[PDB]
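Read-outs throughout are calculated quantities, based only on the coordinates presented, and are distinct from any laboratory measurement.
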Amino acid sequence: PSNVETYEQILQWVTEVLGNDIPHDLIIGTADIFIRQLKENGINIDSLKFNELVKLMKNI
């Protein structure tokens, strides 16, 4: 319930730019690739949403 809730709204951005019609296996890769290396380290509105969600939950 902790990391399941916050993860869903990240995929709303992925469906808008690329498309919801892409495969589910491709969305898992697109979701993981952004979250992995921004943590460890209309484009403006989407980046502001992403940085708050990277802050939440455990990730290395």
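Numbers at a glance
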item: Stokes-Einstein translational diffusion, the chain - Kirkwood Rh over all Cα pairs, 1.002 mPa s, 20 °C, in µm²/s; result: 175 µm²/s
item: Sequence-distant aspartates and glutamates (8 or more away, or on other chains) whose Cα lies within less than 20 Å of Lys55; result: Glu5, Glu8, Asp32, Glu40, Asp46
item: The chain: calculated mean residue ellipticity at 222 nm from DSSP helix runs of at least 4, using -39500 (n - 2.57); result: -22500 deg cm²/dmol
